[PDB]
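Next up: the same protein chain in two forms, each one alone, written as structure tokens (structure 1, then structure 2).
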Structure 1
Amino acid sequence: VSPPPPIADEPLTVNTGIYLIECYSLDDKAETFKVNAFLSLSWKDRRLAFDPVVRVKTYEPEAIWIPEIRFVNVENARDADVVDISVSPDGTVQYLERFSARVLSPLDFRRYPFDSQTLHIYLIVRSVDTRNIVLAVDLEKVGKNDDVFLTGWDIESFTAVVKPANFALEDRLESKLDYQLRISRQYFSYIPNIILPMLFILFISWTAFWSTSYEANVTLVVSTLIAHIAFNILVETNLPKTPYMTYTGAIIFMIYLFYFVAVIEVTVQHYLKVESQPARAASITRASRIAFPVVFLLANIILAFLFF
């Protein structure tokens, strides 16, 4: 079946939209999120006018020519299924189908608990006799209401824009259509799960500055280092790979450095106290009591400024 003949006044501007249904899978490490949503198309063509002698008409999927719409960014062609084709008697085709696919949106965990991500879908079509203006979207058919699913994100925006980019070959003048879904993580879940316990263990380490027993100080600091490594093991099963950097990955390095400095300070204090310099050891101890929380706050503020 060939596309309907044009009037040559303008290329066939097919209206398209995608109503999200279930963006269920979020493979952060694989940078692939899997969705099973619905896509709706509406375009003008010659059909049953029924002005003389209705309500709605429905043909078969293999009868009417449907424009070939494909996603640039998928592991494989979308697992789709034609749901409802409406040949409106005023004259148009309304083709609604249900597709499921992996979308291949590269997440960016530069600021992991407080990240704002943008899922991307790129639409392309082929040209047979004339170009296509598929990017014309009514912005009314798109949108998922909500569900409290394993996706703990809050949806901010669903902008859809025409972004003509350079193709792999660029043989034709085809322009892809951009669906950008900007979402924000609900970070409250992570404050008592990844952030607060780490600070608690760090403060347990710091409680070694109010003690004079070198052996108890060593127990506190090194057992706290072990506890922090174990808690990092616990946390990193939740975190993605992140082979570049992270805000919460630099706080962990800061905490490692602070354990190192705490060990150094405890050793220095004990060396001074054994070398018969109790006054200097006490001065260093009190300075550490004041300084370690202060330096930690300063480092956290500096890291927040660097990342945010």
Structure 2
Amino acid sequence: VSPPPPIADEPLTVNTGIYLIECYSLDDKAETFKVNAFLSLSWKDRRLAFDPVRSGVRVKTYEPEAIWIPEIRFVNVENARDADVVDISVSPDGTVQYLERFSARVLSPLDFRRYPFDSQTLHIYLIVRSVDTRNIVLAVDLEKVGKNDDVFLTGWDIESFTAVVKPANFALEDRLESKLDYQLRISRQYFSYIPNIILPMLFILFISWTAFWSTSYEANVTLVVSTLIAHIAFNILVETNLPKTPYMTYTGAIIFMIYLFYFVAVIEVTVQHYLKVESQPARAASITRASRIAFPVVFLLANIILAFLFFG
């Protein structure tokens, strides 16, 4: 088949719409995610009507090798999509309707700062090949684009799914400047993360801090060092689900602060024991009474400062 011939130099407008079905496999190390969805195409096909007789008002059904199907390519994909044509129904007026299912892998960038309370935005880009009959300009219709409201992407909630028109902005472009940008906004559910991670760390830190009400040097050493070992083990456990991040993060800053606090506690215990051995009990008592109030207040202030710095 051949593309429709021009009529009055009117640009060929193709209305594109993506209907989401399933979103899954949000890989973080590879920064990829697999998507399975539909695709709706509807282009003007005047001067090439298919039996427009009023007595033949029945919807015309055709095959892929019957008329010119426009060629649309995805930019940020690893390979060509698996096209699965479902139905091709065209009204006798001339408007063609096309539906298919595809499952491709999309390359989109992900930022994991503000990890426990982050929001992501996925992008899908579409490019239509040029033709020798008349330039084709992509248009977005708000009726076909949408989602089934049953996306099984666990751990995230979908806020919106829109599409706009943007220039190609490619150094190798010649005439194509009508790419499409589909934006999907998701938000992470952070309810379980608090009891899963934050509270046990605070409990271990408080258990370590309980050494300021004691005097036995051996008991204090055992408490502090064993709590440090427990903290290291819990960090090893936490690192299993956390993705590899080659930049600073809120959780990493918190962990570093906890390490610093453990070091300061060790120093304080050593100083207290040294003073007690050197037989200056008044200074040791004053230091150990001051630390009980000094540590929690400084910890809270540092946490507030870090939260303000990382969340505006």
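What we label the rigid core is the largest C-alpha set whose atoms superpose within 1.5 Å from one form to the other. Along the sequence of structure 1, residues get numbers from 1 upward.
- For the residue set 226, 233, 139, 191, core-aligned C-alpha shifts between structure 1 and structure 2 reach 2 angstroms or more at a single site, 139.
- Relative to the superposed core, residue 254 undergoes a C-alpha shift smaller than 2 Å between structure 1 and structure 2.
- Once both forms are overlaid on the rigid core, the distance between the two CA positions of residue 64 between structure 1 and structure 2 is 2 angstroms or more.
- Relative to the superposed core, residue 263 undergoes a Cα shift smaller than 2 Å between structure 1 and structure 2.
- With the core fitted, the CA of residue 97 sits 1.2 Å away from its counterpart between structure 1 and structure 2.
- Core superposition gives residue 129 a CA displacement of 3.0 Å between structure 1 and structure 2.
- Relative to the superposed core, residue 242 has its Cα moved 0.8 Å between structure 1 and structure 2.
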